[PDB]
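Trainee: My questions will all concern the structure given below.
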Amino acid sequence: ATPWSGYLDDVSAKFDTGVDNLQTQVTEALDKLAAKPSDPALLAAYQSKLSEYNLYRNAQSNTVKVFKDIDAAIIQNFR
Amino acid sequence: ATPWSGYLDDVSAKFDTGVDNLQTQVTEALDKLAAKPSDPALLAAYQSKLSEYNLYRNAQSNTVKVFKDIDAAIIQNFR
Amino acid sequence: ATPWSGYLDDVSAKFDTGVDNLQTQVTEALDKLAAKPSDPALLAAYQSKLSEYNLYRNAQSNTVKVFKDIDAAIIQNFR
Amino acid sequence: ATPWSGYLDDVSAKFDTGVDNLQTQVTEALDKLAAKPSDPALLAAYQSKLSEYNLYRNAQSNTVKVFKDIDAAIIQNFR
Amino acid sequence: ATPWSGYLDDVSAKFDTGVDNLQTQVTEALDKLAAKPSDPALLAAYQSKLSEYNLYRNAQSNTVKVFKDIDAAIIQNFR
Amino acid sequence: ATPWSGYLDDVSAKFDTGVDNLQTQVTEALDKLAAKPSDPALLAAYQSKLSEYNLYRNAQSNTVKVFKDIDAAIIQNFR
Amino acid sequence: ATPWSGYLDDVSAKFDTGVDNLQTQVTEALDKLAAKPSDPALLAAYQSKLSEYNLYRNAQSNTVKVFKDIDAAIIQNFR
Amino acid sequence: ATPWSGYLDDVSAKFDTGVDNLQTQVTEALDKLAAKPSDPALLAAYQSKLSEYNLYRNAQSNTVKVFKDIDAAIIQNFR
Amino acid sequence: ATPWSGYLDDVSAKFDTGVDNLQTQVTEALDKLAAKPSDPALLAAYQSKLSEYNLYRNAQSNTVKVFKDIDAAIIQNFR
Amino acid sequence: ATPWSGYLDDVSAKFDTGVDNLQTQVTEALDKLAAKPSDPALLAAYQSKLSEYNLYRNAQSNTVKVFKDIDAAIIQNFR
Amino acid sequence: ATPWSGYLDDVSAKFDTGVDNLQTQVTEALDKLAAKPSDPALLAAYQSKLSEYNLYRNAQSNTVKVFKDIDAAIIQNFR
Amino acid sequence: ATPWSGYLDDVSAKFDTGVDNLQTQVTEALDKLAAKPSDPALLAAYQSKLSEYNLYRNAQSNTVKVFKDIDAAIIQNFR
Amino acid sequence: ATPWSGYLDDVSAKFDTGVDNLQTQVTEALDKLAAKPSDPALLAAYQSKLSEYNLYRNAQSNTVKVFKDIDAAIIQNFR
Amino acid sequence: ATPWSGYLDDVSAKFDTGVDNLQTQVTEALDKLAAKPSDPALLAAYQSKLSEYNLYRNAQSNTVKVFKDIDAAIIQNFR
Amino acid sequence: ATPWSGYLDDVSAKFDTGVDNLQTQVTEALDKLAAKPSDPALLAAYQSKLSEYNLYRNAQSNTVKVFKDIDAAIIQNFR
Amino acid sequence: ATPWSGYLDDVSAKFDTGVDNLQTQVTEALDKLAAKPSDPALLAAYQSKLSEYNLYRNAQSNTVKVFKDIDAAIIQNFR
Amino acid sequence: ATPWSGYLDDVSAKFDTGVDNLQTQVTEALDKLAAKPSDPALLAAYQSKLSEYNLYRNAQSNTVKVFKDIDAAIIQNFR
Amino acid sequence: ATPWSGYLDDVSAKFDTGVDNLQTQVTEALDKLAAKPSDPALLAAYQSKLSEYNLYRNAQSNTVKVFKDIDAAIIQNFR
Amino acid sequence: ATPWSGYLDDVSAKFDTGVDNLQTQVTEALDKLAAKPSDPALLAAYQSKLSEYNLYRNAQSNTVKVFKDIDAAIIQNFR
Amino acid sequence: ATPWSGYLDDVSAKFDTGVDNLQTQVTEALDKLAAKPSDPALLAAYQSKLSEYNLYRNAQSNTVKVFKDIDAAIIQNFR
Amino acid sequence: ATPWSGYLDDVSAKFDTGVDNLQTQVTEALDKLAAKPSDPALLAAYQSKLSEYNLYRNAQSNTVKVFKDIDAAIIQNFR
Amino acid sequence: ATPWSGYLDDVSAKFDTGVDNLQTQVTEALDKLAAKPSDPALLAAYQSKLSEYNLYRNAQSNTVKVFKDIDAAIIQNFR
Amino acid sequence: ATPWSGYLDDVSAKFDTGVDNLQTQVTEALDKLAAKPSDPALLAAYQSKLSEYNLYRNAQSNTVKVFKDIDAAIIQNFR
């Protein structure tokens, strides 16, 4: 059995499945950096991964909110 | 055999047969919406069907009452 | 054997037999409505049946009285 | 034995059973968030669940009121 | 022994017995709401019960008056 | 000993004994209503009792007068 | 000595004595509100008292008129 | 002795006694805030109390008016 | 055979057929974006499509409701 | 051969022939409306036809009764 | 030959001929808008036409009903 | 040659010649009304003419009968 | 030559000549409004004229009927 | 021949003719900018024209709606 | 010569002459604004004039209707 | 010289001279009303005068007939 | 000399003299309002005066008619 | 010395002395009401007194006439 | 001498005297603000006074109308 | 002669006369700045004047709208 | 004597008295800073005081408006 | 005994108890930093704690307001 | 066949076609730079192309959003 999942959850899940391994990649990059904060290759890899993570979080949240605000209008036209 | 049916019942039945499937359509639309209250297509379809249902009920009741009030006048001219 | 039955009773019986099942129909409609006073189909059916019942009672009474008042005139011309 | 339940209650129950586990999901999401208000995954999950909850409450209330206002018209045509 | 009870009282009693527990349900719903006026589940339950109560009172009164006005006509045809 | 009582009084008494407790019931209903004019149960009970009282008074008076007017004709045929 | 007082006056007086202090209560509530039209407690108290006053006036007038119209029928059966 | 108190007053009093100390709590919260308008704990406590107060006032007024409008209908069926 | 379809449904269908492929276009744009949330071309295309979708939903709902509120007036002039 | 037809029937027939096609027009208008209860043109046409039908029925009945009551006076001057 | 047409129909026709092409104009405006819901010129033109249509329908219905209610009074002065 | 004509016929003829054209006027007014039962000018003209016709018929019949009953007394004094 | 005209016609004519041009004024006002149903000056002028027309028709009919009912009493005192 | 044009259309046309060439100016400014998005003179000219266009659209729509809402009130005073 | 003018027209004319030049002022203000929709002085002047126009139209219509509804009561006391 | 005048004429003349100017007053009141059917002062004055006129006509006719029927009895005791 | 004045005129005059200056007060209030339809003090004063005027007219007319209908009964007991 | 007084006068006097002060009470109630037509206490008192006055007048007249018609029969049995 | 003043005027005057100086206070606050629209103390004082003024006007008007609608009911129970 | 000017115009004029020369001051400040956009004294003076202008425009518009919305409420209490 | 002061003024005064000397403190801090804009101690003190002033103004205004919007709801439940 | 605590307070308390010691931790961190503003370990610890505090306050306030705005909608569907 | 394309897409396409080859130019410039990151000519060319790309993306997005926000206002004026 699968717990309930609506449209906004389906959009969030589409984002979280299009960007599949980025969470583990960022965790591993920080784990490697924290043991040698001076290697320039590690610094560059970490910068790239952190930037991708930031952009993905912001886009996901904005899309979810825009769809919710599109929904909550139609409903107020029921009266 | 058919049970008794007069003129006001014939008017009500004319409405209920000109608007043939709307009851089942509204039931199915609500059944589909209640399982995913966020899909905008479902919300729009439900709004349209609910509005049609409302207009049809109001028109039917007003017509029945106007014909009854036309009838109940002639009769009081029997004395 | 059949108990006595005159002309005004024959007119009343003609009405009560032309409108054959309406009494039972109204009773059943009220029985169904009183258990769910919110179903619009039940409300519409009950309105139609109650209107038919009202019109039939009024017409029957007016016709009986008009025939009685036609009768009670001829008689007073016996003297 | 089952306590009494009419048409508006049946509509409310259709909503509350089409959206089956959302109440418990929102409670659990808040319980998890309140212990670590900084995890972005928790923040995103909580935002999605709160939006779904809001949309479902608003739709349910509007539908109930529209059906009640459809009912309370037919009745005033009994006089 | 049972006190006297006529036809209009029998109609009122048919309504009050088809809608059997609604009075106690409304009382309990208000008792629960008045102690926490912010719980949305309590607010929704109270709205549904109050709407059912309103519709039932209005229908009962209109039916009683229509039957009384049907009665008080026949009688004035006794003269 | 019983005071004198004729046929029209016997008809009036037949009505007043077929409708046995309605006078006391109406008095008690008004006594209860006048102390809380807002309770809907009291309002409904009072409406029903007042309607029954009205119908019973009108029927009694019409029957008494019709029998008196039947009597006062035969007598004028004594000359 | 007491001035004359009939049945309709006795009904009016039964209402005006079952609702004993409401007139003074409404006067005092308005006197308190007019000096600070912004206190929500005063606004709520005034709303409740004004509603009770309205319901009591309407019920009293309707009952008086129904009893008068019951009376003025019997009398026209004296001829 | 207790001054007069009807049904709408009893409903208002049920609300005002289910929400027992909120008035004093809001007064004390404002008294504490006005002496240091910058403490975030005081700001949060005041926001919560003000929101509860608002919801309770609105619910009380709407319930009182709905019951009054249910009452004032039955009465107009006395004629 | 074609299921029933009235005037408000015909207006909704006129909108949904004048804007023919936008639903599939938005779905495909989100499917492409969720796999690479950083490509500026994808971001721009998605922004444009989401804006068009929003405007079309709002216009459709407002037009349907205005026509329904034009209809439900004429009907109340039948009495 | 033509069945018997007197003066009141001639007046009724003058009305029913001055208003020649209105019955069929009303039937056709209702037949068209019952299949699409939302078209404002159909609603307006139906309102106009129903109003004309009502006025014509009332005028016909009043004229017939006034002529009958003019007749039934002369006759009682034969004695 | 021209089908029958009375006074209320003549008033309706005076409105429908003073406002000659508005129906076709509104149809064409919606046809153009539904193919590009974003052009501000189309949006403005559609808003203006929809407002004119609404005002014209409301005025027509109110005038027809006022004339019908002026008529149906004179007639009841025939008795 | 003129057929026989006595005193009561001379009185009837005096009425029918003092009111010279009213019969044709009433016929023409009904002929005009039956073709447009909604024109208020036609309704007013018809009401006035019908009232004049009624008053004239009643006065004529009463005068004829009073003169006949004055005559039939003198004769019974011949014995 | 002037066709016959009695007292009720003279009263109707006194009304129709004291209110001399109102019919043409109302016709012209409707003719102007039907070509531009949105001009507020036209709407105000039409409202005023329609109200005057309504009041004048009602007063005329009531006066005519009161005078006719004053007449038809004296006559029945001829026997 | 000129197609129909009412008061709200005349107001819209007054705006669209007082602001005569702005549409073409904005189109030409965008056409010039899209070929060299870096020239500061082009950027400034485009900003000014876009701001004027925005203000003019908003003012036009608000004025049209205010006049329509002034109109639709007078009409509801016809009953 | 002056065309006919009654009491409701005299009230409308009292309003339209107490507010003497406002129509021309509003027309001129819109004419000036439509040529430069950005001048804040013009915007402020137009807002003030539009508000005055709205208030004056609403007050005029309400007063006319209240006087008409005061009139149409007295008349129905002629019978 | 004075034309002949008997006892019933003397009674009629006593009424017509006790109520001296009422005929002219009613004529003048109608003359003033027919020129402005909306002035409430004129409506009230006309209602009062019309009621007085009605009561006076009815009383006069009843008294004349009662005296005539007292006379025509004594005479039949001459044989 | 004083023109004739009966009992119903004396009742009307008692009302019109107990409410002595209200007519002039209402005229002056409208004269002041029509020159500045926006002053809230003027609006409040006008509302109060218009309400008093309405109540006084209705009470006067109802009392006059009740006394006339009490009179016109006694008279019909002269035969 | 006391002027002559027979049996019907004794019955009238029994009524007028059983209802002793009602005339003065009604006069005083109208005197108080005419100076403030808006006080609800005055309105209620006046309604009660007017109803009592009406019932008493009707009963008195009917009883007097019934006794007179009982008398005038015995006498015609002297021949 | 004091001009006439009834019950609704007394209620309005009770409000206008419980809120004694607020009109002058608001006038002075606006006079001070218009000369320096930037002082925050002046802005705060003006906001408070404007809010009090608004609440007081709304409460006064609602109370006056509720009392008028309580009055205008009792009166219609005079017939 | 002075053109018409109501209450909202008087409020706008009070603002525009309390802030007497600010328009010319802002115009002159911009005229001086546009010829030397680098002088810090000119920049500071322009910033101050632009801020004052902004605050004054916003305050004026908000006050006008609040007074208009206070007015347009009282009026809707005329019915 | 103390000028009038309501509830919103009492809330504003509670804020302005809980924050007692802040206005003078800010004035003195600016007076000291403007004479030596470089002393870091003066800069820090001024920053702290300006921040406190800002927070206090914002909190005061928001609380006043929330209480006003709580009030203006209850009142609209008087009808 | 525990003072009253509703749903929004329960949500606030869930946040304040999931984040249990953060207030004391921030206070202690600032106490330690203010005595040596140069230790980088203290600076880093203080930055982390201040960021956590900020995020927790913002999340708490937003959640409380969203739940309050979900509540205050259902309630307005009671009418 | 061409897939659907609305107004915002047409604006985006106007930008993307006025800036025709910049995407390929930037790609080629980066491809050349990544193979020799030290050539100053390559560095300068890459800087210029990257700056143009940035400006073009920002301008496109801002224009699209401004047009969408102009559109979504007009629509909300449909109600």
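Chain lettering (A, B, ...) mirrors the order of the structure tokens, residue numbering begins at 1 for each chain separately, and ligand numbering begins at 1 in order of display.
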Would you mind listing what lies within 10 Å of residue T:69 as a list in words, with only C-alpha atoms counted and same-chain residues fewer than 5 positions away left out?
Mentor: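 These residues fall inside the cut-off: residues 51 and 55 of chain O; 54 of chain S; 64 and 74 of chain T.
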Trainee: Would you superpose chain G on chain D, least squares on all C-alpha atoms in order, and hand back the fitted chain as a compact mmCIF listing (two decimals) with N, CA and C atoms, in the first residue's frame?
Mentor:
# COMPACT_ATOMS: atom_id res chain seq x y z
N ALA G 1 -25.15 0.01 16.02
CA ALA G 1 -25.99 1.12 15.58
C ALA G 1 -25.14 2.31 15.16
N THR G 2 -25.61 3.05 14.16
CA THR G 2 -24.92 4.21 13.65
C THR G 2 -25.74 5.47 13.93
N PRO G 3 -25.14 6.50 14.52
CA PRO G 3 -25.88 7.75 14.74
C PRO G 3 -26.36 8.35 13.43
N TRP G 4 -27.31 9.28 13.54
CA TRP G 4 -27.94 9.85 12.37
C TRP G 4 -26.93 10.61 11.52
N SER G 5 -27.16 10.62 10.21
CA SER G 5 -26.24 11.25 9.27
C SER G 5 -27.01 11.59 8.00
N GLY G 6 -27.11 12.89 7.70
CA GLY G 6 -27.85 13.33 6.54
C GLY G 6 -27.00 13.60 5.32
N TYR G 7 -27.52 14.38 4.38
CA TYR G 7 -26.87 14.61 3.09
C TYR G 7 -25.64 15.51 3.17
N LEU G 8 -25.72 16.63 3.88
CA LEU G 8 -24.55 17.47 4.07
C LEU G 8 -23.45 16.76 4.84
N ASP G 9 -23.81 15.97 5.85
CA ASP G 9 -22.83 15.12 6.52
C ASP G 9 -22.24 14.07 5.59
N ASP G 10 -23.03 13.51 4.68
CA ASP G 10 -22.50 12.58 3.70
C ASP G 10 -21.52 13.23 2.74
N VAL G 11 -21.77 14.46 2.31
CA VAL G 11 -20.80 15.21 1.51
C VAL G 11 -19.51 15.50 2.28
N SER G 12 -19.63 15.99 3.51
CA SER G 12 -18.46 16.20 4.35
C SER G 12 -17.66 14.91 4.53
N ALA G 13 -18.34 13.79 4.74
CA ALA G 13 -17.70 12.50 4.91
C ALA G 13 -17.05 12.00 3.63
N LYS G 14 -17.66 12.24 2.48
CA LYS G 14 -17.01 11.96 1.21
C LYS G 14 -15.70 12.71 1.06
N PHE G 15 -15.66 13.99 1.41
CA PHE G 15 -14.38 14.69 1.39
C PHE G 15 -13.39 14.07 2.38
N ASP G 16 -13.79 13.93 3.64
CA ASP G 16 -12.92 13.41 4.70
C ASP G 16 -12.48 11.98 4.47
N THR G 17 -13.13 11.21 3.60
CA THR G 17 -12.68 9.87 3.26
C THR G 17 -11.94 9.79 1.94
N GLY G 18 -12.14 10.74 1.03
CA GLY G 18 -11.29 10.81 -0.14
C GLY G 18 -9.91 11.30 0.23
N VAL G 19 -9.83 12.20 1.21
CA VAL G 19 -8.55 12.66 1.75
C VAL G 19 -8.39 11.95 3.09
N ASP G 20 -7.75 10.78 3.06
CA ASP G 20 -7.87 9.82 4.15
C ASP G 20 -6.88 10.03 5.29
N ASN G 21 -5.59 10.19 4.98
CA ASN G 21 -4.56 10.22 6.00
C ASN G 21 -3.91 11.59 6.17
N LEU G 22 -4.41 12.61 5.48
CA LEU G 22 -3.72 13.89 5.45
C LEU G 22 -3.60 14.52 6.83
N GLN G 23 -4.60 14.33 7.69
CA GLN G 23 -4.52 14.89 9.03
C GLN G 23 -3.34 14.32 9.80
N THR G 24 -3.20 12.99 9.82
CA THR G 24 -2.08 12.37 10.50
C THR G 24 -0.76 12.75 9.84
N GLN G 25 -0.74 12.86 8.51
CA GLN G 25 0.50 13.25 7.84
C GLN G 25 0.95 14.64 8.25
N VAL G 26 0.01 15.59 8.32
CA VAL G 26 0.37 16.94 8.75
C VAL G 26 0.83 16.95 10.19
N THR G 27 0.15 16.20 11.07
CA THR G 27 0.58 16.15 12.46
C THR G 27 2.01 15.61 12.57
N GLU G 28 2.31 14.53 11.86
CA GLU G 28 3.65 13.94 11.93
C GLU G 28 4.70 14.87 11.34
N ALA G 29 4.37 15.55 10.24
CA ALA G 29 5.31 16.49 9.65
C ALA G 29 5.64 17.64 10.60
N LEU G 30 4.64 18.21 11.26
CA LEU G 30 4.93 19.23 12.26
C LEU G 30 5.72 18.68 13.44
N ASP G 31 5.40 17.47 13.89
CA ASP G 31 6.16 16.87 14.99
C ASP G 31 7.63 16.71 14.62
N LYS G 32 7.92 16.31 13.39
CA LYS G 32 9.31 16.17 12.96
C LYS G 32 9.98 17.52 12.77
N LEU G 33 9.26 18.52 12.26
CA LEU G 33 9.88 19.81 12.01
C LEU G 33 10.23 20.53 13.30
N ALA G 34 9.33 20.49 14.29
CA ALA G 34 9.54 21.26 15.51
C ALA G 34 10.80 20.86 16.27
N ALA G 35 11.42 19.73 15.93
CA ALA G 35 12.63 19.28 16.61
C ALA G 35 13.91 19.66 15.88
N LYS G 36 13.81 20.21 14.68
CA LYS G 36 14.96 20.63 13.89
C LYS G 36 14.48 21.61 12.82
N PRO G 37 14.24 22.87 13.17
CA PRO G 37 13.57 23.78 12.24
C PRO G 37 14.44 24.23 11.08
N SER G 38 15.59 23.60 10.87
CA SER G 38 16.53 24.06 9.87
C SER G 38 16.76 23.07 8.72
N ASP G 39 16.24 21.86 8.80
CA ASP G 39 16.48 20.91 7.73
C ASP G 39 15.64 21.25 6.51
N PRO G 40 16.25 21.56 5.36
CA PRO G 40 15.47 21.97 4.18
C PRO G 40 14.52 20.90 3.66
N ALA G 41 14.87 19.62 3.74
CA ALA G 41 13.94 18.57 3.37
C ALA G 41 12.67 18.59 4.21
N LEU G 42 12.80 18.69 5.53
CA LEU G 42 11.65 18.86 6.41
C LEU G 42 10.85 20.11 6.09
N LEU G 43 11.52 21.23 5.83
CA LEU G 43 10.79 22.44 5.46
C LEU G 43 9.97 22.26 4.19
N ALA G 44 10.54 21.65 3.15
CA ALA G 44 9.80 21.41 1.92
C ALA G 44 8.62 20.47 2.10
N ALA G 45 8.82 19.33 2.76
CA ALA G 45 7.72 18.43 3.06
C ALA G 45 6.59 19.11 3.83
N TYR G 46 6.93 19.88 4.86
CA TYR G 46 5.92 20.61 5.62
C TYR G 46 5.17 21.63 4.79
N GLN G 47 5.86 22.39 3.94
CA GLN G 47 5.16 23.31 3.06
C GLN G 47 4.16 22.61 2.16
N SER G 48 4.56 21.53 1.50
CA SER G 48 3.62 20.79 0.66
C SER G 48 2.40 20.29 1.42
N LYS G 49 2.60 19.65 2.57
CA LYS G 49 1.47 19.14 3.34
C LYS G 49 0.55 20.25 3.84
N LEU G 50 1.08 21.36 4.33
CA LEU G 50 0.26 22.47 4.77
C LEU G 50 -0.58 23.06 3.64
N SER G 51 0.00 23.22 2.45
CA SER G 51 -0.78 23.66 1.31
C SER G 51 -1.91 22.72 0.94
N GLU G 52 -1.66 21.41 0.90
CA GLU G 52 -2.74 20.47 0.61
C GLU G 52 -3.87 20.56 1.64
N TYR G 53 -3.52 20.60 2.93
CA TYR G 53 -4.50 20.76 3.99
C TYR G 53 -5.37 21.99 3.82
N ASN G 54 -4.76 23.15 3.54
CA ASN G 54 -5.51 24.37 3.30
C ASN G 54 -6.49 24.26 2.15
N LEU G 55 -6.04 23.80 0.98
CA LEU G 55 -6.94 23.64 -0.16
C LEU G 55 -8.11 22.72 0.14
N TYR G 56 -7.87 21.58 0.79
CA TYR G 56 -8.93 20.65 1.13
C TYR G 56 -9.96 21.22 2.09
N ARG G 57 -9.54 21.90 3.16
CA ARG G 57 -10.51 22.57 4.03
C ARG G 57 -11.37 23.59 3.29
N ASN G 58 -10.77 24.48 2.51
CA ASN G 58 -11.57 25.46 1.78
C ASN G 58 -12.58 24.85 0.82
N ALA G 59 -12.16 23.88 0.00
CA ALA G 59 -13.09 23.23 -0.91
C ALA G 59 -14.25 22.56 -0.18
N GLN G 60 -13.96 21.82 0.89
CA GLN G 60 -15.03 21.18 1.64
C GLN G 60 -16.07 22.18 2.14
N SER G 61 -15.63 23.25 2.79
CA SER G 61 -16.59 24.22 3.30
C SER G 61 -17.42 24.87 2.21
N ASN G 62 -16.80 25.27 1.10
CA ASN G 62 -17.58 25.90 0.04
C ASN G 62 -18.63 24.96 -0.55
N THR G 63 -18.28 23.69 -0.77
CA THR G 63 -19.26 22.76 -1.33
C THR G 63 -20.44 22.56 -0.38
N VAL G 64 -20.16 22.36 0.91
CA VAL G 64 -21.25 22.19 1.87
C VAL G 64 -22.19 23.40 1.84
N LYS G 65 -21.62 24.61 1.86
CA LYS G 65 -22.52 25.76 1.87
C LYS G 65 -23.32 25.91 0.59
N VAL G 66 -22.74 25.63 -0.57
CA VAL G 66 -23.51 25.73 -1.81
C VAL G 66 -24.67 24.75 -1.82
N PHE G 67 -24.46 23.52 -1.35
CA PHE G 67 -25.59 22.59 -1.32
C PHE G 67 -26.66 23.02 -0.33
N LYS G 68 -26.27 23.53 0.84
CA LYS G 68 -27.27 24.03 1.77
C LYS G 68 -28.08 25.18 1.19
N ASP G 69 -27.45 26.11 0.48
CA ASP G 69 -28.18 27.21 -0.13
C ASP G 69 -29.01 26.78 -1.33
N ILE G 70 -28.66 25.68 -2.00
CA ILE G 70 -29.58 25.11 -2.99
C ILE G 70 -30.81 24.53 -2.31
N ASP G 71 -30.63 23.85 -1.18
CA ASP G 71 -31.77 23.26 -0.47
C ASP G 71 -32.73 24.32 0.03
N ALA G 72 -32.21 25.32 0.75
CA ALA G 72 -33.08 26.24 1.48
C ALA G 72 -33.93 27.13 0.58
N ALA G 73 -33.82 26.96 -0.74
CA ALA G 73 -34.68 27.67 -1.67
C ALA G 73 -35.95 26.90 -2.00
N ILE G 74 -35.84 25.66 -2.46
CA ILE G 74 -36.98 24.80 -2.73
C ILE G 74 -38.01 24.86 -1.62
N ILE G 75 -37.56 24.76 -0.37
CA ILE G 75 -38.45 24.76 0.77
C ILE G 75 -39.33 26.00 0.82
N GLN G 76 -38.78 27.18 0.55
CA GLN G 76 -39.58 28.40 0.62
C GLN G 76 -40.59 28.50 -0.51
N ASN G 77 -40.64 27.51 -1.40
CA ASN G 77 -41.69 27.41 -2.40
C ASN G 77 -42.82 26.48 -1.97
N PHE G 78 -42.87 26.13 -0.68
CA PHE G 78 -43.98 25.31 -0.21
C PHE G 78 -45.22 26.14 0.07
N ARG G 79 -45.07 27.42 0.35
CA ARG G 79 -46.22 28.28 0.58
C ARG G 79 -46.74 28.85 -0.74
